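S.K.: Following this message is one structure expressed as structure tokens.
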Ligand SMILES: CC(C)CCC[C@@H](C)[C@H]1CC[C@H]2[C@@H]3CC=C4C[C@@H](OC(=O)CCC(=O)O)CC[C@]4(C)[C@H]3CC[C@]12C
Ligand SMILES: CC(C)CCC[C@@H](C)[C@H]1CC[C@H]2[C@@H]3CC=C4C[C@@H](OC(=O)CCC(=O)O)CC[C@]4(C)[C@H]3CC[C@]12C
Ligand SMILES: CC(C)CCC[C@@H](C)[C@H]1CC[C@H]2[C@@H]3CC=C4C[C@@H](OC(=O)CCC(=O)O)CC[C@]4(C)[C@H]3CC[C@]12C
Ligand SMILES: CC(C)CCC[C@@H](C)[C@H]1CC[C@H]2[C@@H]3CC=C4C[C@@H](OC(=O)CCC(=O)O)CC[C@]4(C)[C@H]3CC[C@]12C
Ligand SMILES: CC(C)CCC[C@@H](C)[C@H]1CC[C@H]2[C@@H]3CC=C4C[C@@H](OC(=O)CCC(=O)O)CC[C@]4(C)[C@H]3CC[C@]12C
Ligand SMILES: CC(C)CCC[C@@H](C)[C@H]1CC[C@H]2[C@@H]3CC=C4C[C@@H](OC(=O)CCC(=O)O)CC[C@]4(C)[C@H]3CC[C@]12C
Ligand SMILES: [K+]
Ligand SMILES: [K+]
Ligand SMILES: [K+]
Ligand SMILES: [K+]
Ligand SMILES: [K+]
């Protein structure tokens, strides 16, 4: 029927898109990865030769460094750290900066995610719908001062998304002393609920315990961006769902 | 109105849930984190004292080890690695095992995610609807051999989810030599599109290049679990959306 043809076309398009993306990523990153691996191997070989580090102790040092990486940013299991972890869990971001080490803790986290994901999704959908209604009312008032089409709403939403991304990138560049492009990429990754974890905020000089205002601003910005993303998805994506 | 009261109640419930989760996580993980940090500091101090490692070179060693961690699993930017990265990107998992190192690569990844997320969501929704229809038909045929209620469908979906999770956990425990509970936790994390990245498959002894069958099975299992999760969300969660 129509549904079978539609889903077959969707599957074929998804497979072709995946193949094209994999080919482009390989062709763009193979040489860079090879050069980085060669440089790292040369550096580690030189360091091992200079310090005469035993092979057996090298694995222990690597394990210790890997396990102590989250602890180098301070205490990640305080009230602020626990709140950040809960926010990441409920939003399905998965930064990976801190993970439970207890089986009971893992089970509690699983139950927490199960009981919290639908509630967060419903709240985000409602907030996005309310924001869309408010934006439509504001646009109508502006037009009266100076009917609304779907293209105008789409353009307004895209402009709002771009402005929010630019504001977040500028704020993160000013706070964490990051590059503008890097801050923009990190903001885009955070707002898409992907969570690569390469760039994690509130992980420098113990900012989670000495800068409550920065933490509050980051939480507010994350919530606002998530609401904007949900509103945009409702405006453009949810229409093709049912 | 009703919508304002509903969204205010949702926000209050979400805030209370976040506070409770943060309090429980802190009370459960503070002592464990303190003990782990103390043990790691003692071990690193002992190693530094034994090897007389200079403080300046310690930072260089830490940076080299952190940068070379993905490369220890083999070549992560081959065809299989690029396909895995694209699959993680389109599914918003964000494992974080491999990340782009080029600005052009980052921009391409951002555009890829933007152009692929709605398509993947639509395909998953259609596949979940088709699976729900097939399950309803199978249940009707079974009942005839031996009308259907919503509670029966919910129970069948929950049982299917539990069976899929158990099968995935058993397969991952048999393949990667992981614990049953750890495999179950990793499967749950992967199927919820959260992606902590603590446990990543296809990262041992170069399995991405020597075991094509294992990679294909992992891809099929991930797709099947994502389809099951989408079908369950459509059955129980999507009803409260609109
Ligand atoms: C800025 C961002 C949010 C843009 C997102 C783009 C989407 C609006 C596009 C991208 C992929 C598109 C889909 C790609 C393939 C198809 C299959 C297509 O089916 C057919 O052509 C056969 C069945 C029929 O005749 O309807 C129906 C539209 C649909 C779901 C498309 C709907 C619109 C989608 C989701
Ligand atoms: C309507 C649009 C166009 C503009 C929105 C206003 C912004 C320009 C404001 C609103 C909130 C502000 C932020 C609120 C809180 C903080 C934390 C603040 O941090 C501290 O005070 C402690 C750390 C330090 O000493 O820098 C630094 C500024 C910043 C990011 C502010 C930067 C400027 C922001 C983004
Ligand atoms: C309807 C909307 C606008 C409600 C918004 C609520 C915010 C005003 C609240 C919710 C969560 C709060 C945060 C939750 C946790 C913390 C950690 C907390 O840190 C500590 O308790 C330890 C460090 C210290 O002693 O300050 C400082 C306040 C802060 C950032 C809070 C600041 C105020 C926040 C952002
Ligand atoms: C195993 C998993 C799939 C469980 C998923 C649980 C959901 C089915 C629950 C969890 C939170 C619930 C929501 C929590 C709060 C509210 C607000 C509530 O609104 C009111 O009480 C005021 C308005 C009115 O009177 O209807 C309406 C139901 C709703 C959306 C609930 C609908 C059902 C939800 C999404
Ligand atoms: C209907 C339900 C109840 C059962 C579904 C059947 C499973 C028991 C089968 C179907 C697919 C099978 C998997 C397909 C592919 C592989 C890869 C295979 O790996 C290799 O052959 C190479 C690595 C090695 O040497 O172990 C190991 C078995 C495994 C996980 C299989 C384990 C058994 C599985 C999960
Ligand atoms: C309608 C549904 C059932 C379609 C299912 C398609 C699968 C049969 C395809 C899609 C993606 C394929 C995989 C894409 C990439 C790779 C990596 C590839 O590895 C290499 O090319 C290098 C190593 C080697 O030389 O084998 C081996 C095959 C494999 C696992 C493929 C196996 C077959 C897969 C799972
Ligand atoms: K993630
Ligand atoms: K990570
Ligand atoms: K996600
Ligand atoms: K991650
Ligand atoms: K994620």
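Following Swiss-Prot, chain B shows residues 2-147, 153-248, kept in their order.
We read in the header that electron microscopy, 3.5 Å was used to get this structure.
Here the Cβ of each residue, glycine as well, is placed from N, Cα and C on the backbone.
For reference, Swiss-Prot lists these features for the protein:
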- B:9-29: transmembrane segment (TRANSMEM)
- B:93, B:199: K(+) 4 binding site (BINDING)
- B:93, B:94, B:199, B:200: K(+) 1 binding site (BINDING)
- B:98: site 'pH sensor' (SITE)
- B:108-128: transmembrane segment (TRANSMEM)
- B:159-179: transmembrane segment (TRANSMEM)
- B:219-239: transmembrane segment (TRANSMEM)
S.K.: Residue B:93 (K(+) 4 binding site) to residue B:200 (K(+) 1 binding site): how many Å between their Cα atoms?
M.R.: 8
S.K.: Write down the Cα-Cα distance for residue B:98 (site 'pH sensor') and residue B:199 (K(+) 4 binding site), rounded and given in Å.
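M.R.: Cα-Cα distance, residue B:199 (K(+) 4 binding site) to residue B:98 (site 'pH sensor'): 15 Å.
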S.K.: I'm trying to understand the geometry here, so how far is the Cα atom of residue B:98 (site 'pH sensor') from the Cα atom of residue B:200 (K(+) 1 binding site), in Å to the nearest whole number?
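M.R.: Residue B:98 (site 'pH sensor') to residue B:200 (K(+) 1 binding site), Cα-Cα distance: 14 Å.
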S.K.: Excluding the flanking five residues on each side, which residues at least 6 beyond the ends of the transmembrane segment (B:159-179) place their CB within less than 8 Å of a CB in that stretch?
M.R.: 133, 136-137, 140, 185-186, 188-190, 192-194, 197, 207, 223, 227, 230-231, 234-235, 237-238, 241-242
S.K.: Applying a 10 Å Cβ distance cut-off over all chains shown, what neighbour count does residue B:98 (site 'pH sensor') have?
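M.R.: So the number of other Cβ atoms within 10 Å of residue B:98 (site 'pH sensor') is 21.
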S.K.: Along a straight line, what is the whole-number distance in angstrom from the CA of residue B:147 to the CA of residue B:153 around the 5 missing residues?
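M.R.: Between the Cα atoms flanking the 5-residue gap there are 13 Å.
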S.K.: So which of B:93, B:98, B:200, listed as recorded positions, have a Cβ under 6 Å from an atom of ligand 11?
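M.R.: Listed by sequence, the hits are B:93, B:200.
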S.K.: For residue B:94 (K(+) 1 binding site), which residues of its chain lie six or more apart in sequence with Cβ-Cβ distance below 8 Å?
M.R.: B:88, B:196, B:199, B:200, B:201
S.K.: Among all the protein chains here, how many other CB atoms are within 10 A of the CB of residue B:199 (K(+) 4 binding site)?
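M.R.: Summing over all protein chains shown, residue B:199 (K(+) 4 binding site) has 20 other Cβ atoms within 10 Å.
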